[PDB]
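This report concerns only the one structure given below.
Values in this text are rule-based calculations from the coordinates and carry no lab data. Virtual Cβ from ideal backbone geometry, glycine too; neighbours counted across all protein chains shown.
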Amino acid sequence: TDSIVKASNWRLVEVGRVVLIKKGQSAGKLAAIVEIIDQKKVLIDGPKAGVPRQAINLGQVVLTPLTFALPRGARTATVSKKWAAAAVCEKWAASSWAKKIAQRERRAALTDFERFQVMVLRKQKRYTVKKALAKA
Amino acid sequence: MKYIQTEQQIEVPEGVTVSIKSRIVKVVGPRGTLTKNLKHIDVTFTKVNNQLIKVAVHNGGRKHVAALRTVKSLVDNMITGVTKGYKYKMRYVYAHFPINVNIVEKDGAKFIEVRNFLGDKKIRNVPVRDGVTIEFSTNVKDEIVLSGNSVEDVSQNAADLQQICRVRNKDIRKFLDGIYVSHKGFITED
Amino acid sequence: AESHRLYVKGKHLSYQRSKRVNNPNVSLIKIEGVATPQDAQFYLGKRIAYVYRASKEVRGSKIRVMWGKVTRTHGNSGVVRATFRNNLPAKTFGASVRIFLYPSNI
Amino acid sequence: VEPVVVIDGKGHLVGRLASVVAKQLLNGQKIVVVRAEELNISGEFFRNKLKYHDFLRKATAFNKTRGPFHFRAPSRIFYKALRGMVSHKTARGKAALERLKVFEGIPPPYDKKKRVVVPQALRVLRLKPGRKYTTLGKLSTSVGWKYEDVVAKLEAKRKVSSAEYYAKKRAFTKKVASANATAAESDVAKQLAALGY
Amino acid sequence: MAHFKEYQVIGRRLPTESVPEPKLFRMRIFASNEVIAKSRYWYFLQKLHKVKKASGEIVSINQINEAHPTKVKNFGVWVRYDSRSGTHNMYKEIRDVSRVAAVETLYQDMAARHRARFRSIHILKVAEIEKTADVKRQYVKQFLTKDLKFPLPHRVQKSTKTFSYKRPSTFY
RNA sequence: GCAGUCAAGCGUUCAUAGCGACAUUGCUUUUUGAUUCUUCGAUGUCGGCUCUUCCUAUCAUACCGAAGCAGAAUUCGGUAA
RNA sequence: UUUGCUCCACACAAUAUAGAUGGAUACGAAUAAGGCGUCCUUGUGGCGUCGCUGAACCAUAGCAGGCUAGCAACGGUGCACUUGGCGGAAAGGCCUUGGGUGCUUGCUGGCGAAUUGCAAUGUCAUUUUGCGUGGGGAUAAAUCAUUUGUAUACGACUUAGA
Ligand SMILES: [Mg+2]
Ligand SMILES: [Mg+2]
Ligand SMILES: [Mg+2]
Ligand SMILES: [Mg+2]
Ligand SMILES: [Mg+2]
Ligand SMILES: [Mg+2]
Ligand SMILES: [Mg+2]
Ligand SMILES: [Mg+2]
Ligand SMILES: [Mg+2]
Ligand SMILES: [Mg+2]
Ligand SMILES: [Mg+2]
C-alpha cells in the first residue's frame, strides 16, 4: 500500500557542487561552483588545485558527486577555507573515478621494463586464479 | 523562454498506490487498476510523502511545460477513475423514428446495436471497449450509461456511439437526431 | 610471442586532391591510433612501406615493397601526408601500409 | 581495429550512420550492419512516409523497369542511403560496397558476435529530446515490405537464446570476479596495483 | 570579437586660432581592437557633433578592464537597432561577469533573435542593475531565486572513437 | 484567363450565406501582343483520325464542411486526377 | 570405354590477392534512466556499488621462439580421436564427456644463437587451380536428327520412340 516512484539521481548545478574541468588550461582539476550565471554558464573557483576563479561553460565541466557547503558568490579565500574544511580532495581521491584517472595515468607512465613486469606478474596471478577457479 | 524548473502536484488519496517506473504509471485503487505509458513527454516524477507526487520539467520550453499539466491531469484522471470511477450518460434524441439501442453479443465482442436511426434498415454497431460497462437507465427515458475506470475508454466509447449516429445529406440543425453526451461524472460521487 | 610487429598500421586513404584534381605524388595516410596533428607529429619522417605481393619472383621473393616516408600532417584528425619513391598505385586506396618506428628519436 | 565491424543499427539515424559507414568502407574497413529495421529517421512517420512516396512517384516514364528501383526493405533503404555517400559508379566504390552487408535482424554468424554502436549516429545522443522520429521497420511496412512479422518472430527467438547465453555468462563472470577478488591482497596483486593493473 | 574590449576614446576637434583648447568629447566603445574603436568613435561623433576625422583628432584611447571580472552581475542594456523595416529601441538584461562578455552576449542575442548585424546596432547603455527587484526580465529573474539548483538531464558525452562497444547512457 | 487583401454597399434586418464598387497584391503560359536568341548546304507548315501519358485550375463519381441547408433541388468550399 | 569421374590426406608447381600481420571480445531494454552484487514479503522491491568511454578485457618472455635438467601443481592450452546436447534466418557454428598426446614463462637451472656484417617486407598469410603418390566412392544423361501439335516467323515450347 506504498507508492513507489523512481527518483533519478542527478548531480545538481548548485553552489558548492564540486566539478572536474575536462577541457582547457586546468583540464583534470577540481573546482567548486561558486555562482550560477545562466543555464549553461557558471562561476567556478578551484583555489587548492590551482584553477582560477572564472566564468566557465558547463560543457568544459563534469559535475562530480561531491558537494560541500559553500555560500553563494564566495570569494577565493572563503572557497579555499570551506574546501579544506570539508576535505574535498580526500573525498575525491577515494572515489572509483579518481582511482581510474590515477590508474590510466600510471599505465601511460609505465616504462617498457615495467610493462614486462606487468606481463610476468599477470601470468603469475593468472596461474593462481585459474587454479582456484577449477577448485571453486 | 526555457523555464528553469516547473512543478505540478499530483495528490494521491488513501487506498491508492501510484507506482511509477521509468515513465509507466500504475495506479491501483479500490475500483481496480490503470496503467499509462507516459514515455513521450520527458518529465521527472518524484514521490514526496506517499500522499503527494511532484512531476517536473527541467529546462523546458513553452510547448514542453504545456505537457506537464497535461501529465498531471492524466495521472489525476487515473486516480479519480480508480477512486470514484467515471460515468458518462447519453440521451437519445429523435423527432419521429424511435432509436432502438440494445447491447448484442457477436462471437464474444459486446457490441451496442442501434436500429431505426432515422428509419434506417442499417444496424449501427459500436463495440464496447474493455473496462466500459453499459447499462440503460430505468426511470430516465432514453438514457444509456457508460461507466468504467478509464475516462479515455469511457469517453471514447461514448463518442463512438455518438459518431455512429450522424445525419447525412440533411440539415443537421433540423435533423437533430442522435445519441449525445448529456452528463460526465463519477460512479460514487456525492 | 604471437606478435612480432615493429610498425604501426596505417591505411592509404587517397592522393592529395582538390575537389576535382588529384596529386598522385603526395599520398594521405591514416595512421592507427592517431587522432590529432600533435599526435601525428611523432610520425613525421618515419618510413612507410606498402608491402604487397606478386606472382613473378624477381629477387627470390614473391613479395614486393613500395618505400616512402611521412612528410607532414594533413588536417585536424591525425591524417598525415606521405611521399613514396614511386607513387602508390591508386588501387590501394584503402590498403594497409606499415609505418616503421625508424628513424627514431624516441 | 577489427577484421569486420558488426554495427547494431537499432537507435541510429540513417544518414549519420550511413555517412560513418561509407567513409569506413572507403577507408577499407569491412562492416556488417545488423538490425536495420530499428534504424531511426529524424522527423515524424508521416513526414518520412511522404518523403518515400515522393521517391516512389519517380520512375522512368517509358519503361518503369529501368528507373529508380524503389527498394522497400529497411536494409535496402539504408543501402540506398549509403549509395550516394559512396561513389558507386567507379571500381573503388564497387569495391567499397562489396565490403558492406546490411541485414534485418541479427542473422547467423553475426548473432554470436559482438555488435558495436556508432555514437555520432545514435538518436539518443543526437536528437533533441521531444523531437519526433520514425522507425525504419514501420516505414518499410507502410511502403510495402512484407517481412516485418517474420523478422520480429525470429528476433524474439534470437533474444531468448541470447538471454540464456547471458545468464550463463553472468554466472561465469561472478565466479571469475570472485576468484580475482580473492587473489587481491596478495604480493603479486599488490605489485600489479603498484604498476597500475 | 572573441571577447569584446571596452575602450574609452577621447577626441578633441583640432584646435584653431579662434578656439584653442577644444572640448574633449569622450565615449566608451565596445570593439575588437583600437582600429574599430577609433572608427566607432568617429562614427558616433559624426552623429552627435559637427566633426569628422579630418577636422578632429583622437587624444586618448584606453582599455577599460572590468573592475570585478569575477562577480556575477545583472546588466541592463539599452540598445537601438535597425530592423528590416525601421529603427527600434530595446532594453535587454544580461547576467554575466563582465561588461564585454555581456555585450558579446547581446550581439549574439540580437543577431540570433532579431537578425541584427553589428552595423545595425548601437549600444546606448550598459549599466549594472545594482539591486535585485529592479531586475525586469523573467529569463534573468529565474536565476535570482534563493538556493538555486538545477540538474542537467540527458548528458551527451563526446566520444573520440567512431565505434563504441557499450550502448552509452545519458545519466548525469 | 484565374486567384487574393480591404470593405462603401447589395442581400426583408444583416459588410463577408452568396455577391461586392473605389483601390491594391499576385499566379499561369493553355490566347494575343513584345524580342529576333536557335534554325535559310529541307526541324515537313493547319485541321481531323489513331493512340499513349501527364497536370489540376474537379464537370461527374467517393467522403465531407457551409448556406438566406425543412424535404427535393441547388449554391459556396475541402481532400481528391 | 587411349583407366574416365569424384572425395580425403600429403608433396611439388602455377595462379593470384580492393590488401592477415595477437583476439570480430555475442543479453535485452531504457536514456527525464540503467549495469552489476546482495537480501527478502520476489516487486515498477530494499541496500550497496559502477559509469564520467575499449586509455578496457583477454592474450602477451623462449632459434618467427631450438635442445635439455628439475621444483611446485593437477591447473592452463594446442592437436587429432571420442560421448552427448543445442543451433534452419544465411543453421555449417556453439557448448559439453572421456582418455591419449605435445607444450607450459607458475618457480629454479644448463647449453645454443654471432658473419643477414650499421637498415633494406627480408618472405612465416589464404585463394583458386594442375600434376604426382596412397586410401575410399559412384557407374548417367543432354543435344542434333526422327516424331506430336496443347506450341510456333525462326529459335523456343510441348509430346512420343530401343
Ligand atoms: Mg437537401
Ligand atoms: Mg580520395
Ligand atoms: Mg552486444
Ligand atoms: Mg509489388
Ligand atoms: Mg546550312
Ligand atoms: Mg529533313
Ligand atoms: Mg523530324
Ligand atoms: Mg486541389
Ligand atoms: Mg467539390
Ligand atoms: Mg497522382
Ligand atoms: Mg607461450
Ordered by fewest other Cβ atoms within 10 Å, a rough proxy for footprinting exposure, A:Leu20, D:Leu127 read D:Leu127, A:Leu20
Across B:178-188, the residue-averaged tally of Cβ atoms belonging to other chains within 10 Å stands at 0
Once every DSSP H run of n ≥ 4 in chain C is given -39500 (n - 2.57) and the sum is divided by its residues, what mean residue ellipticity at 222 nm do you get, rounded to the nearest 500 deg cm²/dmol? -500 deg cm²/dmol
Would segment E:3-69 count as rounded, prolate or oblate if I go by the C-alpha gyration tensor, calling it rounded below 1.5 in a/c and otherwise prolate when a/b exceeds b/c, oblate otherwise? prolate
Residue-by-residue Karplus 3J(HN,Hα) for segment C:24-31, coefficients 6.51, -1.76, 1.60, Hz, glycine and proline x: x, 6, 10, 10, 10, 10, 9, 7
So what does log10 I(q)/I(0) come out to for segment E:80-169 at q = 0.25 Å⁻¹, using the Debye formula with one equal point on every Cα and no solvent? -1.32
How high is the FRET efficiency from D:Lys128 to E:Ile61, r the C-beta distance, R0 35 Å, rounded to 0.05? 0.20
Over chain D: helical MRE at 222 nm, DSSP H runs n ≥ 4 each giving -39500 (n - 2.57), nearest 500: -15500 deg cm²/dmol
Between segment B:125-139 and segment D:24-42, the alpha-carbon center distance in angstrom: 52 Å
What's the average, rounded to a whole number, of partner chain beta-carbon atoms within 10 Å of each residue's beta-carbon in E:156-168? 6
Residues whose built amide H sits under 5 Å from the amide H of B:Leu52, excluding neighbours closer than 5 in sequence, are B:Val12
Provide a whole-number value for the mean count of partner chain Cβ atoms within 10 Å of the Cβ atoms in peptide D:65-77. 0
In whole percents, the bins of 5 Å from zero upward hold the Cα-Cα pairs of segment D:1-47 as 5, 21, 27, 23, 13, 6, 3, 1
Below 15 Å, Cα to Cα, which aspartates and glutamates can D:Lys89 reach? Residues fewer than 8 away in the same chain don't count. D:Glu98
From the C-alpha gyration tensor of the protein assembly as shown, square roots of 5λ in Å: 55, 47, 34
What shape does chain D have by the C-alpha gyration tensor, where a ≥ b ≥ c are the square roots of the eigenvalues, rounded means a/c under 1.5, and otherwise prolate means a/b greater than b/c and oblate the rest? prolate
Angle between the Cα long axis of helix E:34-48 and the longest principal axis of chain E, 0 to 90 degrees, nearest 10? 60 degrees
Mind jotting down the distance between the C-alpha centroids of segment B:2-24 and segment B:25-42, whole Å? 11 Å
Whole Å is fine, so just give me how far the alpha carbon centre of segment D:124-197 lies from that of segment B:156-190. 52 Å
Which listed pairs, of D:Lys30/E:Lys161; B:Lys72/D:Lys10; A:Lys40/E:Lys38; A:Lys22/D:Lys190, have C-alpha distances above 22 Å, in listed order: B:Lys72/D:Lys10; A:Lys40/E:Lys38; A:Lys22/D:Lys190
Report, in listed order, any pair from B:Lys47/E:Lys92; A:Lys91/A:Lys130; B:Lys84/B:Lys174; C:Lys30/E:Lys166; B:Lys54/E:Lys141; B:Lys54/D:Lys138 with a Cα-Cα distance greater than 27 Å. B:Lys47/E:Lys92; A:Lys91/A:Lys130; B:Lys84/B:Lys174; B:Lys54/D:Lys138
Working from Cα positions, state the angle (0 to 90°, nearest 10) between the long axis of helix B:151-163 and the longest principal axis of chain B. 30 degrees
